[PDB]
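Participant: Input file: structure11.txt. Contents: compact mmCIF, C-alpha atoms.
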# COMPACT_ATOMS: atom_id res chain seq x y z
CA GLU M 874 20.20 -3.43 4.81
CA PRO M 875 16.93 -5.20 5.66
CA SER M 876 17.78 -8.52 7.34
CA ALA M 877 14.39 -10.21 7.42
CA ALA M 878 11.42 -10.77 5.15
CA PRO M 879 7.95 -9.54 5.99
CA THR M 880 5.75 -12.12 7.70
CA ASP M 881 2.03 -12.99 7.75
CA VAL M 882 1.95 -12.56 3.99
CA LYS M 883 -1.46 -13.08 2.45
CA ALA M 884 -2.80 -12.80 -1.08
CA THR M 885 -6.55 -12.26 -1.51
CA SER M 886 -8.60 -12.37 -4.70
CA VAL M 887 -10.54 -9.14 -5.21
CA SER M 888 -11.92 -9.18 -8.75
CA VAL M 889 -11.25 -10.33 -12.30
CA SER M 890 -8.24 -7.99 -12.41
CA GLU M 891 -7.24 -7.28 -8.80
CA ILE M 892 -5.47 -9.13 -5.99
CA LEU M 893 -4.71 -7.72 -2.54
CA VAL M 894 -1.31 -8.54 -1.03
CA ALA M 895 -0.77 -7.75 2.65
CA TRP M 896 1.98 -8.41 5.13
CA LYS M 897 3.28 -7.58 8.56
CA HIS M 898 6.06 -5.02 8.93
CA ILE M 899 9.51 -6.17 9.94
CA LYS M 900 10.85 -5.63 13.47
CA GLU M 901 12.88 -2.41 13.63
CA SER M 902 15.84 -4.34 15.07
CA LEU M 903 15.97 -6.09 11.67
CA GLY M 904 16.13 -2.84 9.72
CA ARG M 905 14.04 0.11 8.58
CA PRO M 906 12.79 -0.12 4.96
CA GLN M 907 12.04 2.71 2.56
CA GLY M 908 9.35 0.38 1.24
CA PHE M 909 8.54 -3.07 -0.10
CA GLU M 910 8.81 -4.66 -3.50
CA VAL M 911 6.15 -7.13 -4.55
CA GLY M 912 7.14 -9.56 -7.26
CA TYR M 913 4.31 -11.32 -9.05
CA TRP M 914 4.03 -13.81 -11.89
CA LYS M 915 1.36 -15.88 -13.59
CA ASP M 916 1.45 -19.56 -12.74
CA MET M 917 1.79 -20.56 -16.40
CA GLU M 918 4.97 -18.47 -16.65
CA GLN M 919 8.35 -18.60 -14.86
CA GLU M 920 9.22 -16.71 -11.68
CA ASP M 921 11.89 -15.03 -13.82
CA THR M 922 9.19 -13.26 -15.83
CA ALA M 923 7.94 -11.61 -12.64
CA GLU M 924 6.65 -8.07 -12.73
CA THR M 925 7.38 -5.87 -9.72
CA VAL M 926 5.56 -3.13 -7.85
CA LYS M 927 7.27 -1.03 -5.18
CA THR M 928 5.55 0.60 -2.28
CA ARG M 929 7.06 3.47 -0.41
CA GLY M 930 6.46 4.37 3.22
CA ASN M 931 5.06 2.14 5.95
CA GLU M 932 1.84 0.77 4.43
CA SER M 933 1.84 -3.01 4.62
CA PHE M 934 -0.30 -3.85 1.60
CA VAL M 935 -0.82 -3.20 -2.05
CA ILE M 936 -3.74 -3.83 -4.37
CA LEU M 937 -2.32 -5.05 -7.65
CA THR M 938 -4.32 -3.98 -10.68
CA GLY M 939 -4.54 -4.81 -14.36
CA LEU M 940 -4.16 -8.53 -13.76
CA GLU M 941 -5.27 -11.24 -16.17
CA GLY M 942 -8.72 -12.66 -15.43
CA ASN M 943 -9.24 -16.21 -14.16
CA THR M 944 -5.52 -16.56 -13.50
CA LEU M 945 -3.45 -18.12 -10.72
CA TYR M 946 -0.78 -15.61 -9.57
CA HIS M 947 2.19 -16.08 -7.27
CA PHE M 948 3.69 -13.34 -5.11
CA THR M 949 6.69 -12.65 -2.91
CA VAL M 950 7.43 -9.47 -0.92
CA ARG M 951 10.74 -8.07 0.19
CA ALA M 952 11.80 -4.94 2.03
CA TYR M 953 14.23 -2.52 0.43
CA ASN M 954 16.24 0.52 1.42
CA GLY M 955 19.29 2.41 0.19
CA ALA M 956 21.57 -0.47 1.09
CA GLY M 957 19.65 -3.06 -0.94
CA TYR M 958 16.86 -5.64 -0.86
CA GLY M 959 16.04 -7.87 2.08
CA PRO M 960 15.17 -11.53 1.76
CA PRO M 961 11.88 -12.45 0.07
CA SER M 962 8.78 -13.57 1.97
CA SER M 963 7.27 -17.00 1.74
CA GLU M 964 5.51 -17.26 -1.61
CA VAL M 965 1.74 -16.79 -1.57
CA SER M 966 -0.84 -17.35 -4.31
CA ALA M 967 -4.32 -16.26 -5.31
CA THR M 968 -6.48 -16.42 -8.43
CA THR M 969 -8.24 -13.53 -10.10
CA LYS M 970 -12.00 -14.01 -10.47
CA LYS M 971 -13.85 -15.28 -13.53
CA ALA M 972 -16.44 -13.98 -15.92
In structure tokens, what does this structure look like?
Facilitator:
Amino acid sequence: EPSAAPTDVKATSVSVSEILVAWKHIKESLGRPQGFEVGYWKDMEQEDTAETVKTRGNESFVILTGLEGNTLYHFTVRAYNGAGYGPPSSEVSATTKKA
């Protein structure tokens, strides 16, 4: 079971519909993930409406696509493996571009 959240989490605006989320891998002494789950939600909606994307393997970023334009998004990232989900990262935010 992953025991720690990823660190150095950053969200970066890419375009009207894309945001890059990147993080640092967890120390192996804290567990070995099958991947990470990124939860994301629009600011004007609850965290309980969050959509999720899973990565698989050891890449420490994902470019989220199909996002609403000119919109503040919030993100958290957590590791996962067969035994379950690890704790979530600090929340980060970025806004998709305008017009």
Participant: One decimal, in Å: what's the spacing between atom CA of residue 959 of chain M and atom CA of residue 927 of chain M?
Facilitator: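 Atom CA of residue 927 of chain M lies at a distance of 13.3 Å from atom CA of residue 959 of chain M.
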Participant: Please, what distance in Å, to one decimal, runs between atom CA of residue 939 of chain M and atom CA of residue 964 of chain M?
Facilitator: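 Here the two named atoms are 20.5 Å from each other.
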Participant: Calculated over all atoms listed in the file, which of the candidates M:941, M:891, M:924, M:910 has the smallest distance to residue 960 of chain M?
Facilitator: M:910
Participant: Atom CA of residue 970 of chain M and atom CA of residue 890 of chain M, how far apart in Å?
Facilitator: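 Pair atom CA of residue 890 of chain M / atom CA of residue 970 of chain M returns 7.4 Å.
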Participant: Taking into account all atoms listed in the file, which residue in the set M:917, M:887, M:878, M:937 is nearest to residue 963 of chain M?
Facilitator: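 The closest residue to residue 963 of chain M is M:878.
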Participant: Find, counting all atoms listed in the file, the residue in M:915, M:905, M:971, M:900 that gets nearest to residue 929 of chain M.
Facilitator: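 Closest to residue 929 of chain M of all the choices is M:905.
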Participant: Select, from M:944, M:919, M:931, M:968, the residue with the minimum atom-to-atom distance to residue 899 of chain M, counting only C-alpha atoms.
Facilitator: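 Answer, going by the shortest atom-to-atom distance: M:931.
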Participant: Can I get segment 928-961 of chain M with N, CA and C atoms filled in, as a PDB file, in the frame of the given file?
Facilitator:
ATOM      1  N   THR M 928       6.218  -0.360  -3.123  1.00  0.00           N
ATOM      2  CA  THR M 928       5.550   0.600  -2.280  1.00  0.00           C
ATOM      3  C   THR M 928       6.610   1.502  -1.692  1.00  0.00           C
ATOM      4  N   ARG M 929       6.158   2.566  -1.055  1.00  0.00           N
ATOM      5  CA  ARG M 929       7.060   3.470  -0.410  1.00  0.00           C
ATOM      6  C   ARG M 929       6.363   3.992   0.833  1.00  0.00           C
ATOM      7  N   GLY M 930       7.061   3.976   1.961  1.00  0.00           N
ATOM      8  CA  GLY M 930       6.460   4.370   3.220  1.00  0.00           C
ATOM      9  C   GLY M 930       6.131   3.133   4.027  1.00  0.00           C
ATOM     10  N   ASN M 931       5.293   3.267   5.052  1.00  0.00           N
ATOM     11  CA  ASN M 931       5.060   2.140   5.950  1.00  0.00           C
ATOM     12  C   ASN M 931       3.743   1.372   5.752  1.00  0.00           C
ATOM     13  N   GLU M 932       3.066   1.548   4.624  1.00  0.00           N
ATOM     14  CA  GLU M 932       1.840   0.770   4.430  1.00  0.00           C
ATOM     15  C   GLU M 932       2.241  -0.669   4.119  1.00  0.00           C
ATOM     16  N   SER M 933       1.511  -1.604   4.710  1.00  0.00           N
ATOM     17  CA  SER M 933       1.840  -3.010   4.620  1.00  0.00           C
ATOM     18  C   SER M 933       0.889  -3.774   3.696  1.00  0.00           C
ATOM     19  N   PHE M 934       0.492  -3.142   2.598  1.00  0.00           N
ATOM     20  CA  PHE M 934      -0.300  -3.850   1.600  1.00  0.00           C
ATOM     21  C   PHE M 934      -0.263  -3.129   0.273  1.00  0.00           C
ATOM     22  N   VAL M 935      -0.637  -3.849  -0.771  1.00  0.00           N
ATOM     23  CA  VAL M 935      -0.820  -3.200  -2.050  1.00  0.00           C
ATOM     24  C   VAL M 935      -1.922  -3.943  -2.787  1.00  0.00           C
ATOM     25  N   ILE M 936      -2.745  -3.201  -3.515  1.00  0.00           N
ATOM     26  CA  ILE M 936      -3.740  -3.830  -4.370  1.00  0.00           C
ATOM     27  C   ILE M 936      -3.217  -3.785  -5.788  1.00  0.00           C
ATOM     28  N   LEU M 937      -2.872  -4.952  -6.315  1.00  0.00           N
ATOM     29  CA  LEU M 937      -2.320  -5.050  -7.650  1.00  0.00           C
ATOM     30  C   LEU M 937      -3.446  -5.023  -8.673  1.00  0.00           C
ATOM     31  N   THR M 938      -3.273  -4.192  -9.694  1.00  0.00           N
ATOM     32  CA  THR M 938      -4.320  -3.980 -10.680  1.00  0.00           C
ATOM     33  C   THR M 938      -3.867  -4.378 -12.074  1.00  0.00           C
ATOM     34  N   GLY M 939      -4.834  -4.493 -12.971  1.00  0.00           N
ATOM     35  CA  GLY M 939      -4.540  -4.810 -14.360  1.00  0.00           C
ATOM     36  C   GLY M 939      -4.114  -6.242 -14.574  1.00  0.00           C
ATOM     37  N   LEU M 940      -4.543  -7.128 -13.680  1.00  0.00           N
ATOM     38  CA  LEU M 940      -4.160  -8.530 -13.760  1.00  0.00           C
ATOM     39  C   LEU M 940      -5.048  -9.280 -14.746  1.00  0.00           C
ATOM     40  N   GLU M 941      -4.531 -10.399 -15.247  1.00  0.00           N
ATOM     41  CA  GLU M 941      -5.270 -11.240 -16.170  1.00  0.00           C
ATOM     42  C   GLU M 941      -6.387 -11.962 -15.430  1.00  0.00           C
ATOM     43  N   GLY M 942      -7.568 -12.030 -16.044  1.00  0.00           N
ATOM     44  CA  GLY M 942      -8.720 -12.660 -15.430  1.00  0.00           C
ATOM     45  C   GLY M 942      -8.556 -14.167 -15.346  1.00  0.00           C
ATOM     46  N   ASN M 943      -9.252 -14.762 -14.383  1.00  0.00           N
ATOM     47  CA  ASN M 943      -9.240 -16.210 -14.160  1.00  0.00           C
ATOM     48  C   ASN M 943      -7.836 -16.799 -14.204  1.00  0.00           C
ATOM     49  N   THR M 944      -6.932 -16.200 -13.433  1.00  0.00           N
ATOM     50  CA  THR M 944      -5.520 -16.560 -13.500  1.00  0.00           C
ATOM     51  C   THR M 944      -4.893 -16.722 -12.116  1.00  0.00           C
ATOM     52  N   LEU M 945      -4.236 -17.860 -11.921  1.00  0.00           N
ATOM     53  CA  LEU M 945      -3.450 -18.120 -10.720  1.00  0.00           C
ATOM     54  C   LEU M 945      -2.149 -17.304 -10.716  1.00  0.00           C
ATOM     55  N   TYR M 946      -1.991 -16.428  -9.721  1.00  0.00           N
ATOM     56  CA  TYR M 946      -0.780 -15.610  -9.570  1.00  0.00           C
ATOM     57  C   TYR M 946      -0.008 -16.039  -8.350  1.00  0.00           C
ATOM     58  N   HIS M 947       1.306 -15.862  -8.418  1.00  0.00           N
ATOM     59  CA  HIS M 947       2.190 -16.080  -7.270  1.00  0.00           C
ATOM     60  C   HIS M 947       2.859 -14.774  -6.903  1.00  0.00           C
ATOM     61  N   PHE M 948       3.163 -14.597  -5.616  1.00  0.00           N
ATOM     62  CA  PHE M 948       3.690 -13.340  -5.110  1.00  0.00           C
ATOM     63  C   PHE M 948       4.786 -13.576  -4.082  1.00  0.00           C
ATOM     64  N   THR M 949       5.798 -12.727  -4.075  1.00  0.00           N
ATOM     65  CA  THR M 949       6.690 -12.650  -2.910  1.00  0.00           C
ATOM     66  C   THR M 949       6.862 -11.168  -2.581  1.00  0.00           C
ATOM     67  N   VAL M 950       7.250 -10.859  -1.344  1.00  0.00           N
ATOM     68  CA  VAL M 950       7.430  -9.470  -0.920  1.00  0.00           C
ATOM     69  C   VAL M 950       8.774  -9.340  -0.255  1.00  0.00           C
ATOM     70  N   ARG M 951       9.521  -8.292  -0.566  1.00  0.00           N
ATOM     71  CA  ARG M 951      10.740  -8.070   0.190  1.00  0.00           C
ATOM     72  C   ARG M 951      10.891  -6.607   0.535  1.00  0.00           C
ATOM     73  N   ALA M 952      11.486  -6.322   1.683  1.00  0.00           N
ATOM     74  CA  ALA M 952      11.800  -4.940   2.030  1.00  0.00           C
ATOM     75  C   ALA M 952      12.949  -4.427   1.182  1.00  0.00           C
ATOM     76  N   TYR M 953      13.066  -3.106   1.061  1.00  0.00           N
ATOM     77  CA  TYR M 953      14.230  -2.520   0.430  1.00  0.00           C
ATOM     78  C   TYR M 953      14.566  -1.207   1.128  1.00  0.00           C
ATOM     79  N   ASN M 954      15.838  -0.836   1.087  1.00  0.00           N
ATOM     80  CA  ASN M 954      16.240   0.520   1.420  1.00  0.00           C
ATOM     81  C   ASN M 954      17.432   0.874   0.561  1.00  0.00           C
ATOM     82  N   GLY M 955      18.124   1.949   0.931  1.00  0.00           N
ATOM     83  CA  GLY M 955      19.290   2.410   0.190  1.00  0.00           C
ATOM     84  C   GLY M 955      20.393   1.389   0.069  1.00  0.00           C
ATOM     85  N   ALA M 956      20.480   0.492   1.045  1.00  0.00           N
ATOM     86  CA  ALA M 956      21.570  -0.470   1.090  1.00  0.00           C
ATOM     87  C   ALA M 956      21.271  -1.735   0.284  1.00  0.00           C
ATOM     88  N   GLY M 957      20.017  -1.904  -0.131  1.00  0.00           N
ATOM     89  CA  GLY M 957      19.650  -3.060  -0.940  1.00  0.00           C
ATOM     90  C   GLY M 957      18.331  -3.716  -0.560  1.00  0.00           C
ATOM     91  N   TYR M 958      18.081  -4.891  -1.137  1.00  0.00           N
ATOM     92  CA  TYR M 958      16.860  -5.640  -0.860  1.00  0.00           C
ATOM     93  C   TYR M 958      17.062  -6.660   0.247  1.00  0.00           C
ATOM     94  N   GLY M 959      16.024  -6.849   1.048  1.00  0.00           N
ATOM     95  CA  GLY M 959      16.040  -7.870   2.080  1.00  0.00           C
ATOM     96  C   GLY M 959      15.625  -9.186   1.473  1.00  0.00           C
ATOM     97  N   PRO M 960      15.607 -10.237   2.293  1.00  0.00           N
ATOM     98  CA  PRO M 960      15.170 -11.530   1.760  1.00  0.00           C
ATOM     99  C   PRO M 960      13.685 -11.518   1.385  1.00  0.00           C
ATOM    100  N   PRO M 961      13.293 -12.369   0.432  1.00  0.00           N
ATOM    101  CA  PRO M 961      11.880 -12.450   0.070  1.00  0.00           C
ATOM    102  C   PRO M 961      11.036 -13.199   1.089  1.00  0.00           C
TER     103      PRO M 961
END
